[PDB]
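Colleague: Okay, here's the structure, questions in a sec.
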Amino acid sequence: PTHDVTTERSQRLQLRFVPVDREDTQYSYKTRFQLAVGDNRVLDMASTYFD
Amino acid sequence: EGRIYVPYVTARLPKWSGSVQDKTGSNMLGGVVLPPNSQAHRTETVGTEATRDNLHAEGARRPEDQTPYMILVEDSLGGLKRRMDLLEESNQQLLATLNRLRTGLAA
């Protein structure tokens with residue numbers, strides 16, 4: 001197909017998010033991210049992981 | 001004895017843990033956090049979350065497991081062992097004595 005499949009405008013394939021808050025406990029580590037899904041986009045969790 | 005363990009309907013478990021006793025168990029780095037129960041556990045305490053060594057009556061992280069504490073069947077088991085040891089000691093003494101006597105006589 002040559003239309004209605006891929007976008008022509010610039011757009012990353014895979015984004016990278018940094019912890020907006022992280023707490024290093026004596027026996028646990030917690031971090032919160034602000035996973036933002038830009039408009040006209042669709043994210044499939046399966047493609048996400050913690051580096 | 002014909003005693004069928006175990007009749008009592010079972011618990012279903014504690015979940016939140018620390019159920020077992022004198023497991024002893026160890027911390028982090030730590031090591032030696034005392035078997036659930038015992039005085040050390042009752043007292044709210046500070047300084048044990050992130051540091052090794054013993055800050056309790058029992059310690060060093062060298063010796064464990066499942067400390068034989070207070071009195072159970074084990075105390076009887078420990079007590080029984082102690083009694084046996086005492087008996088053995090008594091037996092040794094006797095033997096020695098006998099030997100000595102014999103020697104003397106011969107001379």
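Following the order of the structure tokens, first chain is A, next is B, and so on, with residues numbered from 1 inside each chain and ligands from 1 in the order they appear.
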Counting only C-alpha atoms, collect the residues of chain A whose closest atom lies at most 10 Å from chain B, and write them out as JSON, numbers by chain.
Modeller: {"A": [25, 26, 27]}
Colleague: Using only C-alpha atoms, which protein or nucleic acid residues come within 9 Å of residue B:52? Drop anything in the same chain fewer than 6 positions from it, and give the result as a PyMOL selection string.
Modeller: chain B and resi 27-32+60-61
Colleague: Give me every helix (DSSP H, G or I) residue in stretch 18-101 of chain B, going by DSSP on the backbone, as a PyMOL selection string.
Modeller: chain B and resi 39-42+73-101
Colleague: Compile the contact shell of stretch 5-11 of chain A as number ranges by chain: residues with an atom at most 12 Å away, counting only C-alpha atoms, same-chain residues fewer than 6 positions apart removed.
Modeller: A: 38-41
Colleague: Just the residues within 12 Å of residue B:19, please, counting only C-alpha atoms, with nothing from its chain fewer than 5 positions along; format it as a short mmCIF file (atom, residue, chain, number, x, y, z; two decimals) with N, CA, C and O atoms, in the first residue's frame.
Modeller:
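For reference, selection.cif as written:
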data_model
loop_
_atom_site.label_atom_id
_atom_site.label_comp_id
_atom_site.auth_asym_id
_atom_site.auth_seq_id
_atom_site.Cartn_x
_atom_site.Cartn_y
_atom_site.Cartn_z
N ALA B 11 -4.48 -23.82 58.22
CA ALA B 11 -4.59 -22.36 58.17
C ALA B 11 -4.89 -21.65 56.87
O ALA B 11 -5.70 -20.72 56.88
N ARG B 12 -4.24 -22.04 55.78
CA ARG B 12 -4.43 -21.40 54.48
C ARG B 12 -3.25 -20.45 54.32
O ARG B 12 -3.08 -19.78 53.30
N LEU B 13 -2.41 -20.42 55.36
CA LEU B 13 -1.22 -19.59 55.38
C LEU B 13 -1.37 -18.13 55.80
O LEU B 13 -2.42 -17.52 55.67
N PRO B 14 -0.26 -17.54 56.28
CA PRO B 14 -0.20 -16.17 56.75
C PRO B 14 -0.25 -15.09 55.68
O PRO B 14 -0.97 -14.10 55.83
N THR B 24 15.48 -18.36 61.82
CA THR B 24 16.32 -17.20 62.03
C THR B 24 16.13 -16.41 60.78
O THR B 24 15.14 -15.73 60.78
N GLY B 25 16.90 -16.50 59.69
CA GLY B 25 16.63 -15.60 58.59
C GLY B 25 17.75 -14.58 58.74
O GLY B 25 18.33 -14.46 59.83
N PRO B 35 14.63 -14.68 64.90
CA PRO B 35 13.44 -15.47 64.67
C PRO B 35 12.22 -14.71 65.16
O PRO B 35 12.25 -14.11 66.24
N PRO B 36 11.14 -14.69 64.36
CA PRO B 36 9.93 -13.98 64.76
C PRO B 36 9.60 -14.53 66.12
O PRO B 36 9.62 -15.74 66.29
N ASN B 37 9.31 -13.61 67.04
CA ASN B 37 8.99 -13.87 68.44
C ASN B 37 10.31 -13.54 69.10
O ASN B 37 11.30 -13.37 68.40
#
Colleague: What separation in Å, quoted to one decimal, exists between atom CA of residue B:40 and atom CA of residue B:57?
Modeller: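 Between atom CA of residue B:40 and atom CA of residue B:57 the gap works out to 7.5 Å.
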